[PDB]
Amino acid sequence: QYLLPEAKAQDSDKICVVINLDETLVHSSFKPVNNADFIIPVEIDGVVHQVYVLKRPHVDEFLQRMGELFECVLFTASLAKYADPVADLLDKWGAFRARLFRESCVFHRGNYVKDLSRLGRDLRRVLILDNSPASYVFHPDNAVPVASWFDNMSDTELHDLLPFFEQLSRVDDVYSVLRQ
């Protein structure tokens, strides 16, 4: 069936927003860095590798607000062994109602696509924030574009996007503003 169960009573009237992880909220690497926000041990074939994670500027204020405005869902093409621990350390306000990983993506033409149709939500009430356009090729008119982040600590994308989401949380049909 669908990837998500019915929305909880409190989230019924809210628009569902799919939020990507890598290069959107954080940026990670296996290359050691001293200013990492999180260090996550990831076991691969018996070997324990360390992943260094950097948080994107204003990510905390961003997730706290989005959590109040929408039914937030983490959707990533990364493996849970990596993404689940990052989400645990990152989401202190319980913004994420659900989390979907690589297995939930549809591999189509070489790319993992976040097929929003599999969510089980009225697409007129769904938005996706992903740094890679290829992630939503199946639903280009539900997408709220955002630039890929890596380490620019002067970034203000997440902060600057809030007013926009603020007004979208009020519309009845996202297509009315995103054109479709």
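So that there is no doubt, residue numbering starts at 1 and follows the sequence shown.
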In the PDB record, does 171 to 179 or 3 to 11 carry the higher mean Cα temperature factor?
-> 171 to 179
Per the PDB record, is the mean Cα temperature factor higher over 83 to 91 or over 106 to 114?
-> 106 to 114
Of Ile39, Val144, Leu63, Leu54, which one's C-alpha B factor is largest in the deposited record?
-> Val144
Among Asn35, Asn131, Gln50, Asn152, where is the Cα temperature factor highest, going by the PDB entry?
-> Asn152
Lowest, middle or highest third of the chain for the C-alpha temperature factor of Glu43?
-> lowest
With respect to C-alpha B-factor, does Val18 fall in the lowest, middle or highest third of the chain as deposited?
-> middle
